[PDB]
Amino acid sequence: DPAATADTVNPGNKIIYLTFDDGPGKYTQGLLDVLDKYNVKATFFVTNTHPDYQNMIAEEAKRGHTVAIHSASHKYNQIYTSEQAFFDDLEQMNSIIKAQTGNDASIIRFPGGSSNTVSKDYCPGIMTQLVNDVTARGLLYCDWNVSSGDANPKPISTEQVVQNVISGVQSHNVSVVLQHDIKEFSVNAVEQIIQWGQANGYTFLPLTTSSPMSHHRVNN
């Protein structure tokens, strides 16, 4: 029930929240350098899939970005077998974020989105329970309303990612863009996306606890 949660703060008009899933990884440092070049803050929904880059979580926070939870294991067949397994994994990821940044996470992004149906193969009904359990735990969750197309099993070109994000943003006064910073071709699109947005009156912001969240329909 939306009635039970605090109002969010209107962020203004022509807003873009660039967000990045599945990292950190080998391309994250380069992405941080690009964001610094344009003085833009973003949001990272992190995993422990590539623990050789775990210190990038500390760097993301140090540089002013929002560090949020995606999943420690990012294994659907583990985290979606029970509420208990999901939160064991979520807590492991939060603990790494605390170790690295000094702070707990406040925001999460469910693997597959809150709208995913892959979780039906492991626990029917679990997403309906988890959106309520995450809320009861004082956590916020965010899906997205602009696809970059960078999740396709066959990669698209950097130029196609640029065009996908620029065209999707124009559909929304307030956009939450999904990219994955573990994909080199998609990271390499971010510079042109920022150039275009800044030249067209858009403001890039990081997600915070007072931001409006983007929520999909829950399908499981």
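Note that residue numbering follows the sequence shown and begins at 1.
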Higher mean Cα B-factor in the deposited model: 171-179 or 29-37? 29-37
When the Cα temperature factors in the entry are averaged, is it 16-24 or 192-200 that ends up higher? 192-200
Largest Cα B-factor, entry values, listed residues 68, 165, 156, 42: 156
Using the entry's values, work out which of 91, 133, 143, 150 has the largest Cα B factor. 150
Temperature factor at the Cα of residue 210, chain-ranked in thirds, falls in the highest
Once the chain's modelled residues are ordered by C-alpha B factor and cut into thirds, is residue 109 in the lowest, middle or highest one? lowest
Assert third(CA B-factor, residue 47) within chain per record equals lowest
Looking at the entry's B-factor column for C-alpha atoms only, identify whether residue 117 ranks in the lowest, middle or highest third of its chain. highest
Binned into thirds over the chain's modelled residues, the C-alpha B-factor of residue 103 lands in the highest
